[PDB]
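2 protein chains.
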Amino acid sequence: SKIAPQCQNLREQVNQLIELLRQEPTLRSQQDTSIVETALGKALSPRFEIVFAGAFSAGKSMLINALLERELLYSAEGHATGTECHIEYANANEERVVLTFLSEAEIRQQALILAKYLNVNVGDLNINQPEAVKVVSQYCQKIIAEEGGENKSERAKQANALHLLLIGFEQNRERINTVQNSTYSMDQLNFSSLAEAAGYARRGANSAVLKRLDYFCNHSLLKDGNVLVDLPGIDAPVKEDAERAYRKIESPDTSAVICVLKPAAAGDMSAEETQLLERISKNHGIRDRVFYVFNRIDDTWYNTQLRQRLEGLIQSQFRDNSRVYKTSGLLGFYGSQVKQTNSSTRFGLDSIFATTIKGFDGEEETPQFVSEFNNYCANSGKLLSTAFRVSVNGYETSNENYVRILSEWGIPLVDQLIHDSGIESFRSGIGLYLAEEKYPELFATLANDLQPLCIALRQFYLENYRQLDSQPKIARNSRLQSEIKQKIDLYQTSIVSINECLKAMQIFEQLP
Amino acid sequence: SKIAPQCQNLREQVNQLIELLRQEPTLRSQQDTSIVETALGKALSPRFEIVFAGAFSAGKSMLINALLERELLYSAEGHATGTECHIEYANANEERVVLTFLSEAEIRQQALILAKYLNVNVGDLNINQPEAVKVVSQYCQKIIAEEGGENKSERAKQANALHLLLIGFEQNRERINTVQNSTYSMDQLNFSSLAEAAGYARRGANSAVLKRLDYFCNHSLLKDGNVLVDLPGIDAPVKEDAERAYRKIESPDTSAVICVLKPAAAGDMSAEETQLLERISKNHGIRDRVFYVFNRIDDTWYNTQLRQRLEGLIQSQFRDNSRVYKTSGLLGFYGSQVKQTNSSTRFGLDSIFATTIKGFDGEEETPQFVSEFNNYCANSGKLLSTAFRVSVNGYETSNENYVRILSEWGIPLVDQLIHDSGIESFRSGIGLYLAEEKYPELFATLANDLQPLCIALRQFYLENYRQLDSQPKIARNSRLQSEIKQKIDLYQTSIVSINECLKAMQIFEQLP
Ligand SMILES: Nc1nc2c(ncn2[C@@H]2O[C@H](COP(=O)(O)OP(=O)(O)NP(=O)(O)O)[C@@H](O)[C@H]2O)c(=O)[nH]1
Ligand SMILES: Nc1nc2c(ncn2[C@@H]2O[C@H](COP(=O)(O)OP(=O)(O)NP(=O)(O)O)[C@@H](O)[C@H]2O)c(=O)[nH]1
Ligand SMILES: [Mg+2]
Ligand SMILES: [Mg+2]
């Protein structure tokens with residue numbers, strides 16, 4: 002939210018106060034000013050980066066489409082998110098894709114590390130020679146064949162990673178700078194047809210040449226300076242980009258987390274996810290920020306056992322009932338999309354699934370939404386309590402069973418679907434938290450971390466001057743005492759300004 | 002299969018031949034007789050242990066019930082297989098459960114290792130004092146609380162493991178011997194009600210006090226000396242019993258493997274599974290034996306993307322079309338069970354699901370078979386090509402939708418289900434391989450590994466004696743030469759006996 006003028010001046014006042022503390026070695030050794038300086042850095046809030054770190058194929062990229070109620074991020078079964086990605090606010094005329102390339106220096110360093118692990122006996126990887134690129138990729142292919150297949154061996158996986166990296170550079174030597182990280186853009190006319198297509202081709206390929214794709218977008222969730230960050234599934238075979246995902250989660254460059262967790266589908270927390278929770282716990286202050294989201298909830302509608310397991314898990318480990326949500330992004334995002342559709346469209350079988358509908362032979366094949374919409378109308382869910390006499394016939398195709406239903410019960414029934422999936426709870430909760438809670442919470446935590454610091458300074462000063470007053735040229739002594747006393751008057755002025763900022767923010771845990 | 006009398010004598014002949022080789026340091030250094038001795042050890046075949054190593058919740062225990070067409074192994078979502086388990090042939094009067102307990106020495110060693118990792122500052126873990134057991138379990142509970150929940154921390158997981166181990170010993174100090182591994186049994190009257198119930202209570206609890214449960218059973222797949230071994234999911238939180246699973250897979254105590262793989266559900270091979278494939282590859286000879294089984298295939302009926310991914314995976318990595326099978330044990334095993342049921346039963350809603358049907362509140366809740374039977378009759382599958390006008394209604398309960406269908410289309414339709422799931426291919430293929438292929442294959446591999454050994458010996462002997470004959735007391739020299747020549751005559755006799763055994767076995771790669 003926008004900054005009141007006292008809160009605008011507060012940066013100077015807090016830096017000045019920290020300098021007044023640093024002046025005395027006793028307080029400098031006693032107190033970790035860096036913590037307050039970091040909390041101030043957050044309070045300045047040029048960004049507030051929300052990280053969707055979560056398990057492999059847990060649907061986190063889908064879930065960001067659910068929060069945006071728009072298709073942006075590419076999403077498929079298996080790995081489809083092999084690169085860090087950002088979404089940021091921009092106005093209608095400003096919507097664009099901005100890439101960011103690794104340099105030759107980085108690509109060469111990575112290729113050298115891979116070759117060393119592979120025991121690829123090659124000298125300087127002068128990939129500026131297509132001949133050398135050919136030789137090294139032939140080595141990689143030979144290794145992959147001798148390992149016997151792309152996942153027969155860790156050596157095969159790393160060889161395939163090197164092979165993809167080399168092919169990426171060969172495709173991109175026009176754009177990769179030797180030392181700089183080149184900036185390159187896709188521009189919006191038909192955002193989906195041109196722009197997002199050129200996006201996923203540089204994303205869903207998992208091409209390691211990029212380290213960032215930025216999307217600029219109008220959706221109001223972005224507008225207040227909040228940046229949605231997506232990350233690969235931390236069970237990625239490219240171990241370094243998973244470790245960089247940990248870097249992005251851990252480093253103060255970010256502080257928000259959404260964890261996307263399998264237990265509804267998996268049945269229990271995986272060691273992959275407990276490692277993530279430990280790494281979150283290690284950060285000094287994130288744990289208050291962090292949310293849990295259970296995804297693929299729909300599988301609990303079908304099985305008693307998974308629903309019992311998940312209930313037991315939530316009531317055991319996850320009492321934080323304001324920070325836990327159940328969702329199925331696949332049903333919510335398409336549900337909202339389906340509400341836009343029309344009967345003449347065939348309810349999104351054109352203009353939504355039009356790519357997926359064309360099968361391996363190009364004939365009509367069922368998009369997953371339809372098979373787990375029919376599995377929601379028949380067989381499962383709560384329609385028993387509605388008026389909807391929905392029924393699904395095994396002598397009609399999977400699409401006819403959908404077109405018929407939506408052609409008569411449709412627009413009412415889609416709201417029953419959405420409110421069963423619960424994305425309207427999740428998007429509501431984040432929409433509330435990111436505007437209303439987060440700005441006060443960042444100022445409240447700043448004031449809270451300042452409170453021991455200010456108490457320590459007040460105690461040190463008052464105990465010194467009570468010691469001096471209890472014990473027993736005056737113009738010199740008074741010049742020193744009045745200079746430090748005027749520093750204390752500045753401390754009082756700054757704390758008055760901070761308390762006025764907090765009062766304007768309706769924060770009452772004010773400083774002494 | 003039963004052993005012909007030449008093949009019965011072959012053990013002596015092969016040991017004797019190996020001694021004739023060992024006599025000469027040149028061959029002893031040149032050749033690894035231990036390989037042939039191991040192949041002979043397999044050829045003697047007092048056991049042939051088949052190991053169902055495969056991913057966490059990949060359904061391998063279910064799949065063994067599918068191979069047996071009987072319930073034996075406990076099975077649930079999440080971990081439900083926390084212990085090594087064996088199934089062996091016995092006759093109708095002999096069917097029994099045989100446990101095998103860890104000793105006090107092992108339990109104490111494990112508890113000490115855990116306490117050391119936990120930094121539990123306790124002396125000798127004299128768990129013979131219930132007071133000490135109480136103190137250590139209170140430490141474990143306090144640690145788990147400070148970590149903040151059973152999967153908040155690796156330290157929490159290991160504390161919970163120690164807590165379960167201690168409670169297990171407290172429950173079992175009547176039966177645990179201090180140094181010996183106690184043997185204890187459950188005996189069959191109502192095998193399911195008494196025996197298998199007392200089984201899962203010592204299995205599905207994941208109580209670490211046991212290291213083996215043996216089941217003795219009549220099913221013909223066991224009868225020819227083949228022992229089915231089940232193992233925990235190698236992504237177990239108890240790292241040691243996973244490493245022991247690796248021990249059981251790797252060590253010559255076993256040689257057969259069935260890998261049970263998620264990619265239909267997961268979308269790709271996990272690093273968990275590639276580690277397993279590498280560990281299999283490291284064993285010197287298993288790789289010819291090993292089978293791949295894709296399980297949770299049914300999810301590919303619903304999604305085009307998973308079916309395409311799995312087809313691409315199989316055609317890339319898994320050309321071994323006689324060693325790859327697609328299955329869904331959940332549909333096959335219950336399908337065969339359902340065929341036994343009757344309409345008055347309500348087709349297994351009594352006498353099969355009678356435990357599961359009683360919900361958390363005891364009311365009727367849907368067993369997973371019914372929800373992914375209705376999802377197979379409606380919406381998915383191939384019934385389009387059958388006569389069956391099956392339909393599923395959203396205004397009727399999940400059980401009424403099942404009872405109605407089976408009450409009119411039932412017994413025909415269950416065969417369409419089973420032959421879609423394909424368990425009748427898998428059980429047929431293993432049934433053929435374990436009798437017909439395996440016994441010849443073990444003798445053929447024994448003969449093949451003998452063939453370099455016999456060629457090396459023949460070359461060494463003939464090159465020595467051609468050297469001597471090409472160069473230039736005779737009773738002494740001839741006593742030596744004729745003794746070694748009679749050893750060569752014994753070699754000829756043994757190789758004649760082996761070739762006669764192979765001929766009786768219709769094996770034609772015979773020795774010179
Ligand atoms: N039934 C169902 N399927 C879901 C749900 N969420 C995700 N999926 C499945 O998973 C896909 C999501 O793809 P994607 O967003 O790339 O998943 P991801 O977690 O980002 N994969 P990665 O680990 O590579 O980052 C969907 O297309 C669908 O197949 C859900 O709530 N229900
Ligand atoms: N739909 C479906 N579910 C299956 C299938 N196979 C297994 N499951 C699910 O997984 C359960 C199998 O439990 P279990 O045999 O204990 O699995 P596991 O792989 O042995 N678990 P663990 O890793 O602890 O050894 C079934 O009850 C069902 O919920 C399948 O083919 N289809
Ligand atoms: Mg993804
Ligand atoms: Mg299991």
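Respectively, the protein sequence lines represent chains A and B. The authors' numbering puts the first sequence at residues 2 to 473, 735 to 774. The authors' numbering puts the second sequence at residues 2 to 473, 735 to 774. Using N, Cα and C, we set each Cβ at its ideal position, and we do this for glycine too.
Excluding the 5 residues flanking residue i on each side, which residues of the same chain have their C-beta closer than 7 Å to its C-beta?
i	result
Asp-421(B)	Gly-382 and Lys-383
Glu-38(B)	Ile-19
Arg-324(A)	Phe-292 and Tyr-293
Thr-27(B)	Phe-461
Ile-298(A)	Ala-265, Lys-327, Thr-328 and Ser-329
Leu-277(A)	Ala-54, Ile-235 and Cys-260
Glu-366(B)	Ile-358 and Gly-360
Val-339(A)	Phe-348, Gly-349 and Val-415
What did DSSP end up calling residue i once you bin it into helix, strand or coil?
i	result
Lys-765(B)	helix
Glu-50(B)	strand
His-87(B)	strand
residue 1(A)	Lying outside 2 to 774, the shown extent of chain A, residue 1(A) is not represented and no answer is given.
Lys-735(B)	coil
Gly-423(B)	coil
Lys-3(B)	coil
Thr-755(A)	helix
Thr-387(A)	coil
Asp-289(A)	helix
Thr-82(B)	coil
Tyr-75(A)	coil
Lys-749(A)	helix
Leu-64(B)	helix
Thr-367(A)	coil
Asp-351(B)	coil
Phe-770(B)	coil
Quick one: what's got a C-beta closer than 6 Å to residue i's C-beta in the same chain, skipping five residues either side?
i	result
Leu-752(B)	none
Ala-81(A)	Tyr-75 and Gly-205
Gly-83(B)	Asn-207 and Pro-233
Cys-86(B)	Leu-214 and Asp-231
Assign residue i to one of two classes, buried (16 or more other C-beta atoms within 10 Å of its C-beta) or exposed (fewer than that).
i	result
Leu-433(A)	exposed
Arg-308(B)	buried
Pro-368(A)	buried
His-164(A)	buried
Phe-348(B)	buried
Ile-114(A)	exposed
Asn-380(B)	buried
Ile-88(A)	buried
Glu-197(A)	buried
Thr-305(B)	buried
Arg-29(A)	exposed
Check whether the Cβ of residue i sits closer than 6 Å to any heavy atom of ligand 6, and report yes or no.
i	result
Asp-231(B)	Ligands displayed in this structure: ligand 1, ligand 2, ligand 3 and ligand 4; ligand 6 is not among them.
Can you find the residues in the same chain that come closer than 8 Å, C-beta to C-beta, to residue i, ignoring five residues on each side of it along the sequence?
i	result
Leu-21(A)	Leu-458, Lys-749, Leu-752 and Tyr-753
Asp-242(B)	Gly-83, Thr-84, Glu-85, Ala-209 and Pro-233
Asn-161(B)	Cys-141, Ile-145 and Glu-151
>> Report the start-end ranges of each beta strand (DSSP E) in the stretch 108-193 of chain A that is 3 residues or longer and not cut off at the edges.
In response: Taking 3 residues as the minimum length, the beta strand (DSSP E) runs contained wholly in the stretch 108-193 of chain A are 184-188, in order along the chain.
>> Please give the ranges of any beta strand (DSSP E) in the stretch 192-229 of chain B, keeping only runs that are unbroken, at least 3 residues long and fully inside the region.
In response: Runs found: 211-218.
>> Residues around ligand 4, please: the condition is that the C-beta lies closer than 6 Å to some non-hydrogen atom of it.
In response: Output, sorted by chain position: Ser-62(B), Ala-81(B), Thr-82(B) and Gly-234(B).
> Could you give the uninterrupted runs of the alpha helix (DSSP H) lying entirely in the stretch 309-342 of chain B, keeping only those of 4 residues or more?
Replying inline: Whole alpha helix (DSSP H) segments, 4+ residues: 330-341.
> In chain order, which continuous runs of the beta strand (DSSP E) of length 3 or greater are located wholly inside the stretch 15-59 of chain A?
Replying inline: You should have 49-52.
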